[PDB]
Each structure stands twice: as C-alpha cells, then as structure tokens.
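These notes are about the structure you will find just below.
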Amino acid sequence: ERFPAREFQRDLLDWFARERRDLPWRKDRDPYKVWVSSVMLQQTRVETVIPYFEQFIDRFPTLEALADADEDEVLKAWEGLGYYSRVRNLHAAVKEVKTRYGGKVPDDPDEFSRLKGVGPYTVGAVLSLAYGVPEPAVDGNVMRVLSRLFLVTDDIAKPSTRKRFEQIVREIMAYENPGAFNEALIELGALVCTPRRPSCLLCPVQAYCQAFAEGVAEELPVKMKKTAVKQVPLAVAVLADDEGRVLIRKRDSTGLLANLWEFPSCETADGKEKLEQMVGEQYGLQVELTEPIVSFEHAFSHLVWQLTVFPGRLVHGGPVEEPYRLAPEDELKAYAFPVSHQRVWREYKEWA
DNA sequence: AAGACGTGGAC
DNA sequence: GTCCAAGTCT
Ligand code: SF4
Ligand SMILES: [Ca+2]
Ligand SMILES: [Ca+2]
C-alpha cells in the first residue's frame, strides 16, 4: 500500500531499455519462439542456451515444423542441454496446438497451462511477451529480486511464498506493457540483483529496496541447503569389432536419460564380470574385455554416477538384437548421447 | 507432496 | 567446490 509502483516502473523499464542484452529470442515476439526459449531456459543459463536456440530454430523454424518432425531429431537437437523431458513435453505440446488449437499458441492462461511442460513461469513468459497478457512470470531471478525488494524471509520453495510473489507482481506490474515488465524483473536479477554480491550501488531500484535498507540482501532469498546425493557406481564397456563398429544401446522411453543412446552399462565392484555376463546374455554375442582405462564422476541433481570404462572387442555370430546396435565410429556423431557417455567415448578415443 | 529429472556458467 | 540457472512432472 505504501509502495510507489508507477515510480518503480519508470526506473526499471528505463534501465531495461538501456541494458537489455541482445539475445536470439528478442529479435521478435513469435509465441512459438518465446515458448521455445522459455522452455530451454528452464534451469539452464542464458549463455548456455544461446547457441542451442539458434540451432533449434534452424532445424525447426515453426510450431508446425517441430510437430511434423521425428522424436529422434527433436532429441538430438536438445543433446547436452539436460532435463530432456522438457523437449518430449514441448514436442507433444506443439502437436496438441496443431490439432486442438489450429497451430495458434493459446492466449488463455488456463488453456496454455494445460499443455505439457507449461507451468507458471512458462505461462507468464509466453503470454505476456507474445500476447500482452498480464500473467506473472515468476522464476528464480524474480523471487530473489522480490524477496530483497519486499523482505520476504520465507523459503521461496513454499506455495504460500510463491503465492505472495504472484500477488506482489499483480500489484506492482505495469499493465501497459506486461511483457517488458516481466522481462525486466528477470534481467535485473540476471545482471544486477545477483545471488552473490549484488550490485546494489549499480541498481536502478535501490530506493525501493527494503533489503538494501536493512543490509540483509546477501541473506536473501531463503533457499534450502542441498542434502547429499546418492553415489552410483557404473561399469561401461566400449566394445568394438573387426569391422570397427562400436556396440551401443538405446535407453528406455521412461526414466533417466530417456530415449538416449549409451554404451553398455551395468551396476557395480568386479565390473568386468557383471559386464561380460550382460553382453553374453544377448543372442549371438561373445565378449572379452581388458583392464579399465579411466574412472570419472558425472553429476545429476538427484544423484552422482561414478563411471568406469572397460575397453574391449566383440564377436557377434549374427544380428545384434535390439535395443543394441553396432555403429561405425564415423556414424556415432549422428546418435544422441548423454554428456556422461560423450565423455566415455573421448576417454576411449584418446586412450589409443 | 516428495522427489526425479542434466548440465555447466560464474565465481 | 559450490551454488543455482529466465522449473516441471504429478
Ligand atoms: S538494491 Fe541490491 S538487493 Fe535491492 S534490488 Fe537492487 S541489486 Fe537487488
Ligand atoms: Ca500447467
Ligand atoms: Ca525404464
């Protein structure tokens, strides 16, 4: 009630007009391209995402293009970006738009939000940017800026807190330009109101900041500490044959690293025993392995893989039954692999 | 709800 | 080495 919204809006939107970064998705306001950027940015950094966006749109320039495309090429476009469920959900959602909504991204929040991958941030980011809808796009940058502006001491993970934020944004938003107001809060947490050592003396909205006044900015926002993750020992065989082809396999449609290709992998601490028993269980397949060559960790949010690579060679009497395949070295670059098994191949290739 | 779900920028 | 990124599934 004592907050000068209109003055806060003049200062934020002037700063934004000067200091807004030139990013590939800011060249226009196509609902599709905003949506694609919003999804790619989820838990991924702007610098990390820039080259991906440029390549994705080249392969898939329109909503209709991504929907007519095969799930395999859609995934190879996301290769290395992580959280790969976003792209299977984004691909499924663009199909629903083509059918039910006639290739026009919905502009009703509740219809858009009913598409897969579209949550409260994606709803705000697409509808406000491309359609002028005044829906808050409350991401990690906004929570940190708002918790500092308004001294929100509560865990930003709580639904009550996320409601407080949504309501703050509805009060203070500039309904003249919902998009730029939403995009400017983000840019401010990205370039000024940073997590560690914020640039408060370089901030256009320092006068309106309550955490600046009390000198508690560094203590906010309030997020929980990560509890240790499980460590998962993994044995990986890079098997070749006399023709040079490498044995690979595709992972399940459901689970971790779904529908990605990997080298045969097993639980573990003998390893060389558990891996031969597995490849030998395939029809017409005989394996003799060597001594390991590298052992590296690969981190996930929820767990950490402790990988160990065992080189070797393979003799197959006949056709390698799916899910396995034999692929020349030249042709590994076509399949989509997780970053962990991209490393597995580097450490095997330099080992020669 | 709680946890599953990838990776690396930026210090 | 540590945090968390323009978060979402259900
Ligand atoms: S004054 Fe400091 S803490 Fe407050 S919004 Fe600006 S950068 Fe963030
Ligand atoms: Ca939703
Ligand atoms: Ca599975």
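Hydrogens, waters and symmetry mates play no part in the numbers below; they use all other heavy atoms, side chains included. Chain A is the first sequence line, chain B the second, and so forth, proteins listed ahead of strands; every chain is numbered from 1.
Across all strands, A299(A) comes closer than 4.0 Å to base atoms (heavy-atom distances). Residue contacts for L185(A): at a heavy-atom cut-off of 4.0 Å it reaches no nucleic acid atom on any strand shown. Within 4.0 Å of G189(A), counting heavy atoms only, lies no atom of the nucleic acid at all. Looking at heavy-atom distances under 4.0 Å, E47(A) makes contact with sugar-phosphate atoms alone, never a base. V118(A) comes within 4.0 angstrom of sugar-phosphate atoms only, judged by non-hydrogen atoms across all strands, and of no base. Within the nucleic acid shown, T122(A) comes within 4.0 Å of sugar-phosphate atoms alone, with no base atom in reach, counting heavy atoms only. At a threshold of 4.0 angstrom between heavy atoms, the contacts of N89(A) are confined to the sugar-phosphate backbone, with no base atom among them.
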Report summary line: Annotated structure of DNA chain B as dot-bracket, pair cut-off 3.5 Å, Watson-Crick or G-U only, | for inter-strand, is ..|||..||||

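Residue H298(A) places its side chain closer to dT7(B) than to any other of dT7(B), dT8(C), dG6(B). Ranking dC4(C), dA6(C), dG8(B) by closeness to the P195(A) side chain, first place goes to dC4(C). For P120(A), the listed nucleotide lying nearest its side chain is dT8(C); candidates were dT8(C), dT7(B), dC4(C). With distances taken from any side-chain atom of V339(A) to the nucleotides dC5(B), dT7(B), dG7(C), the minimum falls on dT7(B). Comparing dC4(C), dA6(C), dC5(B) by their nearest atom to the side chain of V46(A) picks out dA6(C). Candidate nucleotides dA5(C), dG7(C), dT7(B) were compared by shortest atom distance to the side chain of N141(A), and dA5(C) ranks first.
For the pair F300(A) CZ and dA5(C) P, the interatomic distance rounds to 21 Å; values are reported in whole Å. Remark: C1' of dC5(B) and NE2 of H302(A) are 5 Å apart, rounded to the nearest angstrom. Following rounding to the nearest Å, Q43(A) (CD) and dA4(B) (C1') show an atom-to-atom distance of 13 Å.
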